[PDB]
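Have a look at the structure below, then the notes.
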Amino acid sequence: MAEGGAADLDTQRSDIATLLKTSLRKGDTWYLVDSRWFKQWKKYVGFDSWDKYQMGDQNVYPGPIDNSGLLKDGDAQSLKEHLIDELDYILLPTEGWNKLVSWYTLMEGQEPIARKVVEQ
């Protein structure tokens, strides 16, 4: 078990994997993550099963979660139009986001983008 603070990587990827399979609850509040940070994270953490060459690597260390690519031109509180799920962004449950923010926090100048569960 590594990391005195935060979770072990073996733990990180797997615990969050648990959050993706986790129920969303109609009327709940999820939080967006840019897919790129998370995809970077997958490498680093060994989330993606073929891609554990970067596992534990510092090269692939995803620092603070950066939703700037999701955020509109001018407003950090405004999401862009073409945004879709893991294709563009991702959502985490409260915990999921909390984890990621507990481990690597959120970028400076940003706020969590909370997305209610879809009405579809």
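What follows is calculated from the coordinates using simple rules that are stated; it is not laboratory data. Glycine gets a Cβ as well: all are built from the backbone with ideal geometry, and neighbour counts include every protein chain shown.
Quick notes on this structure:
- Local electrostatic count, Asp48, Cβ distance below 15 Å [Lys/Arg +1, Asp/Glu -1]: +2
- Per-residue Karplus couplings for region 44-53, computed as 6.51 cos²θ - 1.76 cosθ + 1.60 with θ equal to phi - 60°, are listed in order as 5, 8, x, 6, 8, 4, 9, 10, 10, 7 Hz, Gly and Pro entered as x.
- Seen from all directions on average, the chain presents a Cα convex hull projection of 7.9 nm².
- For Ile65, distant residues with modelled amide H under 5 Å away: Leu106, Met107
- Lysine pairs in region 8-120 with Cα atoms under 20 Å, if 8 or more residues apart or on separate chains: 17
- Rounded FRET efficiency, nearest 0.05, which uses the C-beta distance separating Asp48 from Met1 and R0 of 25 Å: 0.70
- Comparing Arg13, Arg25, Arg36 in a Gaussian network model of the chain where C-alpha atoms under 10 Å apart are linked, the largest mean-square fluctuation is found at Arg25.
- Quotient of Cα Rg and 2.2 N^0.38 Å for region 68-120, N being how many residues it contains: 1.17
- Interchain or long-range residues, amide H under 5 Å from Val33's placed H: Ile90, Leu91, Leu92
- Modelled this way, with points 7 Å down the Cα-to-C-beta line, the labels at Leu20 and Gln120 are 1.7 nm from one another.
- Point-to-point label distance, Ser68-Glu95, nm (Cα→Cβ direction, 7 Å offset): 3.2 nm
- Hypothetical label at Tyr61: residues of region 1-19 whose amide nitrogen lies under 19 Å (7 Å Cα-Cβ projection): 1-13
- Residues whose amide H falls under 5 Å from that of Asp51, counting only those 5 or more places apart or on a different chain, are absent, with hydrogens built in the peptide plane.
- Calculated [θ] (222 nm, deg cm²/dmol) that DSSP helices of n ≥ 4 give over the chain, each run adding -39,500 (n - 2.57): -9000 deg cm²/dmol
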